[PDB]
Every structure is written in C-alpha cells, then in structure tokens.
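Note sheet for the following structure.
One-based numbering along the sequence shown. Values below: every heavy atom of this structure, side chains too, minus hydrogens, waters and symmetry copies.
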Amino acid sequence: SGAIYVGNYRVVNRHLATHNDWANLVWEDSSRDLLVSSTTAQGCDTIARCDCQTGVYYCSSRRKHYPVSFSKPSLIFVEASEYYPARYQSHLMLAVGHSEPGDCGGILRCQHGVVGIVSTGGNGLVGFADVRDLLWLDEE
Ligand SMILES: Cn1cc2c(CC(=O)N3CC[C@H](C(N)=O)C3)cccc2n1
Ligand SMILES: [Zn+2]
C-alpha cells in the first residue's frame with residue numbers, strides 16, 4: 001500500500017483505489033495502473049521533473065529502502081494477476097530488486113523528488129509506474 005500526496009492530489013495504484021478515490025476522480029489510466037483523486041488537505045510531496053535512472057525505493061515486505069538503477073518508462077508485458085488479465089503496461093520502469101504484491105504503492109525517489117510508485121514485480125525484478133510526465137500534478 002501507499003500513495004503520493006502532491007498539492008490537492010492523491011496518486012495511488014489504480015487496482016488499490018478506494019470508493020472515495022473513484023467518487024473524487026481527477027484522472028485514471030488502466031494501462032498505467034494509476035489513479036489520481038482530489039483531496040481537501042494539501043500534500044507535501046514534490047514530483048521529480050528529470051530523466052534520473054538511479055534512486056531509492058521503499059520495500060514494505062523487507063521494511064527497507066533499497067538504492068537501485070532502473071530503466072526508462074516503456075511499454076512492458078505484465079503477467080495476469082487477480083487485478084488485471086495479461087496485458088502491456090505503459091510508462092513502466094524496471095529494476096533488479098525484491099518485491100511482493102503488497103509492496104505496490106512504495107515510493108521510488110531520486111534527488112529531485114518522487115519518480116513513481118511500485119506497481120509490478122516477480123522473479124527478482126520490480127516495476128514502478130512513472131509519474132514524472134504528469135506535469136499538471138504541480139498546478140491547479
Ligand atoms: C510489486 N509486485 C507486484 C507483483 C506481482 C503482480 C501483482 O500482484 N500485480 C497486481 C497488479 C499489478 C499490475 N500493475 O499489473 C501486478 C506478482 C508477484 C510479485 C509482485 N511484486
Ligand atoms: Zn531526478
């Protein structure tokens with residue numbers, strides 16, 4: 001579990017979004033596994049605006065923050081799960097690291113701020129949904 005709180009926005013994995021999130025929906029994309037909902041309170045996270053390929057992510061299944069190298073956002077084949085059939089997920093970045101389904105929502109960050117959240121994994125590889133292209137998160 002986990003979310004990014006930037007301004008009056010809440011960014012979560014689409015497959016973990018709540019009823020309040022769907023009721024207060026701003027934008028969602030099934031192919032990115034992302035959902036953004038509105039909030040009444042202001043958040044304190046900063047979204048990175050960069051091309052960094054190194055950062056640190058939180059892994060709740062180990063209670064640890066791991067430094068990683070990750071690939072640039074791309075269209076990747078993702079195996080079926082209880083949340084989606086087998087499909088291609090867009091804007092996804094991979095790293096060599098540990099992850100379990102419950103780790104989704106863990107933040108990946110670089111020196112410029114939040115890069116994305118854990119979204120896929122298995123076989124010693126962890127995938128993160130990129131948020132750095134969503135410029136509107138910094139305004140209105
Ligand atoms: C973070 N992580 C996801 C894992 C999965 C796959 C899985 O449960 N999901 C849920 C939806 C997500 C998606 N975006 O398609 C994939 C299997 C094994 C280890 C995993 N570590
Ligand atoms: Zn950066």
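- Proximity of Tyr9 to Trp136: side-chain heavy atoms (C-beta onward) are separated by under 4.5 Å at one or more points.
- Under the 4.5 Å side-chain heavy-atom criterion for grouping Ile, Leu, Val, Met, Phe, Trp and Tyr, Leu137 is connected to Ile107 within one hydrophobic cluster.
- No side-chain heavy atom of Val131 sits under 4.5 Å from any side-chain heavy atom of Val115.
- Defined by atom type and a distance below 3.5 Å, a donor-acceptor pair is missing between the side-chain atoms of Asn20 and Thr18.
- Atom CG of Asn8 is separated from atom OG of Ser38 by 8.0 Å, given to the nearest 0.5 angstrom.
- Shown here for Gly102 and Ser60, the closest heavy-atom pair between the two residues is O-OG, 3.8 Å.
- Between the side chain of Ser71 and the backbone N or O of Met93, no donor-acceptor pair lies under 3.5 Å.
- Residue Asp133 is tested with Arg49, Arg32, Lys72 for a salt bridge (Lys or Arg N to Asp or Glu O under 4.0 Å); the sole match is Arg32.
- Between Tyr88 and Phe77, the ring planes lie perpendicular to each other; the angle is over 60°, past the 30° to 60° tilted range.
- Expressed to the nearest 0.5 Å, how far OG of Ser74 lies from CG of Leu94 amounts to 6.5 Å.
- A chain of hydrophobic side-chain contacts below 4.5 Å, direct or via other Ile, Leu, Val, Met, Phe, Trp or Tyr residues, connects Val36 to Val114.
- There is no path of hydrophobic side-chain contacts, each under 4.5 Å, that joins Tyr58 to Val11.
- Partners of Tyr83 by ring pair (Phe, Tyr, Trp, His ring centres under 6.0 Å), not counting sequence neighbours, listed by chain and number: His15.
- Proximity of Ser69 to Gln53: side-chain heavy atoms (C-beta onward) are nowhere separated by under 4.5 Å.
- One finds the OG1 atom of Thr39 at 9.5 Å from the CG atom of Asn24 (value rounded to the nearest 0.5 Å).
- By the rule that hydrophobic residues join a cluster once side-chain heavy atoms approach within less than 4.5 Å of another member, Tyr5 and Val12 end up as members of separate clusters.
- Counting only heavy atoms from C-beta outward, the side chains of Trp22 and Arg14 approach each other to under 4.5 Å.
- Side-chain contact check for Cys50 versus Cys110: some heavy-atom pair is nearer than 4.5 Å.
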(Q) Could you go through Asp21 and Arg10, starting from their C-alpha distance and side-chain angles, then the distance that decides it, and tell me whether this counts as salt bridge (charged side-chain N to carboxylate O under 4.0 Å, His left out)? (A) CA-CA 8 Å; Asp21 291 319; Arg10 168 172 143 92; 2.8 Å; yes
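- Here CD1 of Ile47 is found 8.0 Å from CG of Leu134. Values are rounded to the nearest 0.5 Å.
- Between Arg87 and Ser31 the shortest side-chain heavy-atom distance does not fall below 4.5 Å.
- Checked by atom type and distance alone, the side chain of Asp130 never pairs as donor or acceptor with a backbone atom of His91 at under 3.5 Å.
- Note: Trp27 CH2 to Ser37 OG = 12.0 Å, rounded to the nearest 0.5 Å.
- In terms of heavy atoms, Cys52 sits closest to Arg132 at O-NH1, 3.1 Å.
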For residues 117-129, which side-chain donor-acceptor pairs fall under 3.5 Å, sequence neighbours excluded?
unit_1: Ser119; atom_1: OG; unit_2: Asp33; atom_2: OD2; d: 2.8
unit_1: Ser119; atom_1: OG; unit_2: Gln89; atom_2: NE2; d: 2.9

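- For the pair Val56 and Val68, the minimum side-chain heavy-atom distance is 4.5 Å or more.
- The shortest heavy-atom contact between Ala80 and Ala86 is CB-N, 3.6 Å.
- Counting only residues at least two apart or in different chains, salt bridge (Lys or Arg N to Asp or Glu O under 4.0 Å) contacts with residues 91-108 comprise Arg62-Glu100.
- At a threshold of 4.5 Å between non-hydrogen side-chain atoms, the residues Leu35 and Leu25 count as touching.
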